[PDB]
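Visitor: Just dropping this structure here.
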Amino acid sequence: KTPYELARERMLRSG
Amino acid sequence: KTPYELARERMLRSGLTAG
Amino acid sequence: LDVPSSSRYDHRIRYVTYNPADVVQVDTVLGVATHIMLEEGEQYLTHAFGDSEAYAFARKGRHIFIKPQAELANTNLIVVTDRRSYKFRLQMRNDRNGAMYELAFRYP
Amino acid sequence: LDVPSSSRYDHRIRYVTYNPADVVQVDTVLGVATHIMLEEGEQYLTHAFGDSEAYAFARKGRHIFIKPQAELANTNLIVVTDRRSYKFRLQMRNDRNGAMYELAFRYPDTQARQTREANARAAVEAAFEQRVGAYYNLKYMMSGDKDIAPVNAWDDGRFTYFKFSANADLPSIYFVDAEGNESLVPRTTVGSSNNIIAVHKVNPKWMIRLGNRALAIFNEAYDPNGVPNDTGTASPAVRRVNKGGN
Amino acid sequence: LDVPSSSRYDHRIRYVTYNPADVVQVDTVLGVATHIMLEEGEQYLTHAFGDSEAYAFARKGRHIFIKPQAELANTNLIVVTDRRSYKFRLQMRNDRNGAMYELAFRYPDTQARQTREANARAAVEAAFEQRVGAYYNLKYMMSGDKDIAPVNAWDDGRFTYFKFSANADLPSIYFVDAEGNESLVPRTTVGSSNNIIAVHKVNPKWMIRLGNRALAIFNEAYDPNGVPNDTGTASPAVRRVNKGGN
């Protein structure tokens, strides 16, 4: 899970 | 499950208003 | 399909004239919120996404914010108020460039 | 099968006229919500699908939103109002192209009713301001306290007009009957500067009072007959009709 | 994209004019908070992030604080208020140099709005004080207690003006009718030093009273006709128009 992938996950999850 | 298939499942599942 | 036209100081702010017979194409990138700005004295009645899960919706008075919450989030947003009904063709742009921070309406 | 007509700007918004004896065909795709537009003031009673779970139904007053929710959603949606029954043939398009964002209904009879009343209003206003076919009586005398006098008194056979100057207080005007008794009479104030008191009667004699000063106005050409009011308004070019029916 | 300009003392305090057609670039380094304030008396309404979880938000009143909470926090912020809507572009800076401790705005749009209303007020006041085409009556006489007398009396056809000196008390002025009875007439006090009482009527006789002293003032050039008030205001160059319609 590369940090950019985690950044995309955070972008999709947050409100 | 390719992303397009999951997208279609999401489209079918969705309601009109969230909440 | 009225694509909104940007301001001359930045492209992140677009403007569009209202038309009850035409949709507004909305270009959304990942990780931005779109401030859709309604007319004064207008009371919100009901909105209906193409997918409630593909976008996040927030409304305070006549302010509207939408934000993609899932991949391939290509839907349509129809918000209906007392005076008129708005139409947006939400289309997610994968390159994360050329967003639209604010959509501002014009009325003939 | 009444195929809706796409708008000249975009093909997504389509307009078709209501017909009781036909069903409207809709071409819906996945993931788009169709805005069904109802007439103002209707009453949603119920609705009915041939397959409930195929589509998602949300309503708020006169605003119906429908989206597909299941594969191969080929069914119908019947919505009944207080005044008519709406019939849809929900056919699910397969390519996700050419959706129907809105389906606006055109109603012929309501178009005709709403357009005629504006013409009637404009014609009625023009006919009040027309003001022709009137004879003016100017044979008016006065005697009493001249400091409360009008500068002009006349009548058109329906109302009597007393014109007062700019610097004059507007007095109170009373109806004098055959025995000399005074009684109230309705008045309206007209003119560009509210300088005319129009009373709603023609009489042989009038009494003008302001404070402790009294003035008598005499109609020296009193026509007992006058012009009959067959129209129900102040002018012969406008007619008062019984809307209430009942 | 508005890049703010740093103060000449330290690079951590930056300034930019507000512009409702351009976003402000904010560069946030990890581990510091960028203090943001709004113009005095501005009602904070709502805010929206690109990533609610990447940044923090602390606000009390008009003071707004943010801070990065996650790696790679590259989003925006739209703070909407009652008069405007600040659009930011937050770009987390990797090398932790050139931080911002405070963002400050200088607001020219509020001044541009405040100045227009002054222009409109000045226009209407100019229309009112453009008095032109006026005729003045000076044929006034007096008898009685000359110790309460005006130094000047005149009328312009619509109002009557009594001018009193600086050392004189302003008395009460009454309307005298043809029988000799007094009655209240409204007045406004005008002039640079409030030395003129302007009554809102033209009359042949007036009564002035202060204590147990009475002065009678006679209009020797009384014009019953006057100038009619077609416009609804005190000048013929300003019109009172119906706003409520209805």
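Going by the structure tokens order, chains are called A, B, ..., each with residues numbered from 1, while ligands are numbered from 1 in the order shown.
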Contacts between chain B and segment 2-103 of chain C, please, where a residue of segment 2-103 of chain C counts if it comes within 12 Å (with only C-alpha atoms); show its shortest atom pair and distance in Å to one decimal, rows by chain and ascending number, as JSON lines.
Guide:
```
{"residue": "C:46", "atom": "CA", "partner": "B:17", "partner_atom": "CA", "distance": 9.0}
{"residue": "C:47", "atom": "CA", "partner": "B:17", "partner_atom": "CA", "distance": 7.2}
{"residue": "C:48", "atom": "CA", "partner": "B:16", "partner_atom": "CA", "distance": 5.1}
{"residue": "C:49", "atom": "CA", "partner": "B:16", "partner_atom": "CA", "distance": 5.6}
{"residue": "C:50", "atom": "CA", "partner": "B:16", "partner_atom": "CA", "distance": 6.8}
{"residue": "C:51", "atom": "CA", "partner": "B:14", "partner_atom": "CA", "distance": 5.2}
{"residue": "C:52", "atom": "CA", "partner": "B:18", "partner_atom": "CA", "distance": 5.0}
{"residue": "C:53", "atom": "CA", "partner": "B:14", "partner_atom": "CA", "distance": 6.1}
{"residue": "C:54", "atom": "CA", "partner": "B:10", "partner_atom": "CA", "distance": 8.0}
{"residue": "C:55", "atom": "CA", "partner": "B:18", "partner_atom": "CA", "distance": 9.2}
{"residue": "C:56", "atom": "CA", "partner": "B:18", "partner_atom": "CA", "distance": 8.3}
{"residue": "C:57", "atom": "CA", "partner": "B:18", "partner_atom": "CA", "distance": 8.0}
{"residue": "C:58", "atom": "CA", "partner": "B:18", "partner_atom": "CA", "distance": 10.4}
{"residue": "C:69", "atom": "CA", "partner": "B:10", "partner_atom": "CA", "distance": 11.4}
{"residue": "C:70", "atom": "CA", "partner": "B:7", "partner_atom": "CA", "distance": 8.5}
{"residue": "C:71", "atom": "CA", "partner": "B:7", "partner_atom": "CA", "distance": 7.4}
{"residue": "C:72", "atom": "CA", "partner": "B:7", "partner_atom": "CA", "distance": 6.5}
{"residue": "C:73", "atom": "CA", "partner": "B:7", "partner_atom": "CA", "distance": 7.9}
{"residue": "C:74", "atom": "CA", "partner": "B:7", "partner_atom": "CA", "distance": 9.5}
{"residue": "C:75", "atom": "CA", "partner": "B:11", "partner_atom": "CA", "distance": 8.8}
{"residue": "C:76", "atom": "CA", "partner": "B:16", "partner_atom": "CA", "distance": 10.8}
{"residue": "C:77", "atom": "CA", "partner": "B:16", "partner_atom": "CA", "distance": 9.8}
{"residue": "C:78", "atom": "CA", "partner": "B:16", "partner_atom": "CA", "distance": 10.2}
{"residue": "C:79", "atom": "CA", "partner": "B:17", "partner_atom": "CA", "distance": 10.9}
```
Visitor: Could you list, as a ChimeraX atom specification, every residue of chain A that has an atom within 6 Å of an atom of chain E, counting only C-alpha atoms?
Guide: /A:11,14-15
Visitor: Using only C-alpha atoms, determine which residues of chain D fall within 8 Å of chain C; present them as a list in words.
Guide: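 Residues passing the distance filter: residues 7, 9, 10, 12, 13, 31, 32, 33, 35, 60, 65, 67 and 101 of chain D.
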Visitor: Quick one: residues within 12 Å of residue 185 of chain D, only C-alpha atoms, excluding same-chain residues fewer than 5 positions away - as JSON, numbers by chain?
Guide: {"D": [159, 160, 172, 173, 174, 175, 176, 177, 197, 198, 199, 200, 201, 202, 203, 206, 207, 208]}
Visitor: Restricting the output to N, CA, C and O atoms, write the selected residues as a PDB file, in the first residue's frame.
Guide:
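Saved as result.pdb:
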```
ATOM      1  N   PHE D 159     -71.175  58.837 -11.874  1.00  0.00           N
ATOM      2  CA  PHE D 159     -70.586  59.433 -10.687  1.00  0.00           C
ATOM      3  C   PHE D 159     -70.669  60.946 -10.797  1.00  0.00           C
ATOM      4  O   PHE D 159     -70.827  61.491 -11.885  1.00  0.00           O
ATOM      5  N   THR D 160     -70.554  61.624  -9.660  1.00  0.00           N
ATOM      6  CA  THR D 160     -70.422  63.072  -9.614  1.00  0.00           C
ATOM      7  C   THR D 160     -69.042  63.429  -9.093  1.00  0.00           C
ATOM      8  O   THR D 160     -68.568  62.841  -8.119  1.00  0.00           O
ATOM      9  N   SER D 172     -66.026  67.099   3.566  1.00  0.00           N
ATOM     10  CA  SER D 172     -66.910  65.948   3.579  1.00  0.00           C
ATOM     11  C   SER D 172     -68.159  66.282   2.773  1.00  0.00           C
ATOM     12  O   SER D 172     -68.670  67.399   2.845  1.00  0.00           O
ATOM     13  N   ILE D 173     -68.633  65.325   1.981  1.00  0.00           N
ATOM     14  CA  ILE D 173     -69.726  65.551   1.041  1.00  0.00           C
ATOM     15  C   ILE D 173     -70.879  64.624   1.387  1.00  0.00           C
ATOM     16  O   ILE D 173     -70.675  63.427   1.604  1.00  0.00           O
ATOM     17  N   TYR D 174     -72.088  65.182   1.425  1.00  0.00           N
ATOM     18  CA  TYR D 174     -73.270  64.492   1.912  1.00  0.00           C
ATOM     19  C   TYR D 174     -74.389  64.542   0.887  1.00  0.00           C
ATOM     20  O   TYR D 174     -74.530  65.501   0.131  1.00  0.00           O
ATOM     21  N   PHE D 175     -75.184  63.481   0.886  1.00  0.00           N
ATOM     22  CA  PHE D 175     -76.305  63.300  -0.023  1.00  0.00           C
ATOM     23  C   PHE D 175     -77.543  63.932   0.597  1.00  0.00           C
ATOM     24  O   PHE D 175     -77.891  63.621   1.735  1.00  0.00           O
ATOM     25  N   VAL D 176     -78.201  64.822  -0.137  1.00  0.00           N
ATOM     26  CA  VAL D 176     -79.392  65.511   0.351  1.00  0.00           C
ATOM     27  C   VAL D 176     -80.604  64.949  -0.377  1.00  0.00           C
ATOM     28  O   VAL D 176     -80.643  64.937  -1.610  1.00  0.00           O
ATOM     29  N   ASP D 177     -81.595  64.489   0.380  1.00  0.00           N
ATOM     30  CA  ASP D 177     -82.783  63.904  -0.216  1.00  0.00           C
ATOM     31  C   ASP D 177     -83.864  64.968  -0.403  1.00  0.00           C
ATOM     32  O   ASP D 177     -83.636  66.163  -0.209  1.00  0.00           O
ATOM     33  N   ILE D 197     -62.926  64.425  -5.648  1.00  0.00           N
ATOM     34  CA  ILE D 197     -63.733  63.484  -4.890  1.00  0.00           C
ATOM     35  C   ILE D 197     -64.857  63.032  -5.803  1.00  0.00           C
ATOM     36  O   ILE D 197     -65.753  63.812  -6.126  1.00  0.00           O
ATOM     37  N   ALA D 198     -64.823  61.771  -6.212  1.00  0.00           N
ATOM     38  CA  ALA D 198     -65.879  61.176  -7.014  1.00  0.00           C
ATOM     39  C   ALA D 198     -66.846  60.452  -6.092  1.00  0.00           C
ATOM     40  O   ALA D 198     -66.451  59.526  -5.383  1.00  0.00           O
ATOM     41  N   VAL D 199     -68.090  60.875  -6.090  1.00  0.00           N
ATOM     42  CA  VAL D 199     -69.131  60.200  -5.332  1.00  0.00           C
ATOM     43  C   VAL D 199     -69.906  59.316  -6.289  1.00  0.00           C
ATOM     44  O   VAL D 199     -70.063  59.625  -7.470  1.00  0.00           O
ATOM     45  N   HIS D 200     -70.424  58.213  -5.763  1.00  0.00           N
ATOM     46  CA  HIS D 200     -70.930  57.119  -6.578  1.00  0.00           C
ATOM     47  C   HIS D 200     -72.412  57.249  -6.874  1.00  0.00           C
ATOM     48  O   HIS D 200     -73.115  56.237  -6.945  1.00  0.00           O
ATOM     49  N   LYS D 201     -72.914  58.469  -7.022  1.00  0.00           N
ATOM     50  CA  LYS D 201     -74.336  58.696  -7.194  1.00  0.00           C
ATOM     51  C   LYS D 201     -74.530  60.012  -7.928  1.00  0.00           C
ATOM     52  O   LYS D 201     -73.683  60.901  -7.858  1.00  0.00           O
ATOM     53  N   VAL D 202     -75.636  60.116  -8.655  1.00  0.00           N
ATOM     54  CA  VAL D 202     -76.090  61.372  -9.239  1.00  0.00           C
ATOM     55  C   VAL D 202     -77.359  61.781  -8.511  1.00  0.00           C
ATOM     56  O   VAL D 202     -78.295  60.987  -8.392  1.00  0.00           O
ATOM     57  N   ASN D 203     -77.385  63.012  -8.016  1.00  0.00           N
ATOM     58  CA  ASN D 203     -78.431  63.511  -7.143  1.00  0.00           C
ATOM     59  C   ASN D 203     -78.723  64.949  -7.533  1.00  0.00           C
ATOM     60  O   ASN D 203     -77.864  65.616  -8.116  1.00  0.00           O
ATOM     61  N   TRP D 206     -76.520  68.343  -3.223  1.00  0.00           N
ATOM     62  CA  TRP D 206     -75.425  67.846  -2.408  1.00  0.00           C
ATOM     63  C   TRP D 206     -75.126  68.851  -1.310  1.00  0.00           C
ATOM     64  O   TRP D 206     -75.441  70.032  -1.422  1.00  0.00           O
ATOM     65  N   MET D 207     -74.515  68.372  -0.236  1.00  0.00           N
ATOM     66  CA  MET D 207     -74.107  69.230   0.865  1.00  0.00           C
ATOM     67  C   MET D 207     -72.647  68.972   1.179  1.00  0.00           C
ATOM     68  O   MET D 207     -72.241  67.822   1.341  1.00  0.00           O
ATOM     69  N   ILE D 208     -71.872  70.044   1.282  1.00  0.00           N
ATOM     70  CA  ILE D 208     -70.440  69.987   1.547  1.00  0.00           C
ATOM     71  C   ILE D 208     -70.189  70.631   2.900  1.00  0.00           C
ATOM     72  O   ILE D 208     -70.625  71.758   3.141  1.00  0.00           O
TER      73      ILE D 208
END
```
Visitor: One decimal, Å: what's the distance from atom CA of residue 4 of chain D over to atom CA of residue 86 of chain D, could you say?
Guide: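 Calculated distance between atom CA of residue 4 of chain D and atom CA of residue 86 of chain D is 14.2 Å.
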Visitor: Please run DSSP on the backbone and report, as a count of residues only, all residues within chain A that come out as alpha helix (DSSP H).
Guide: 11
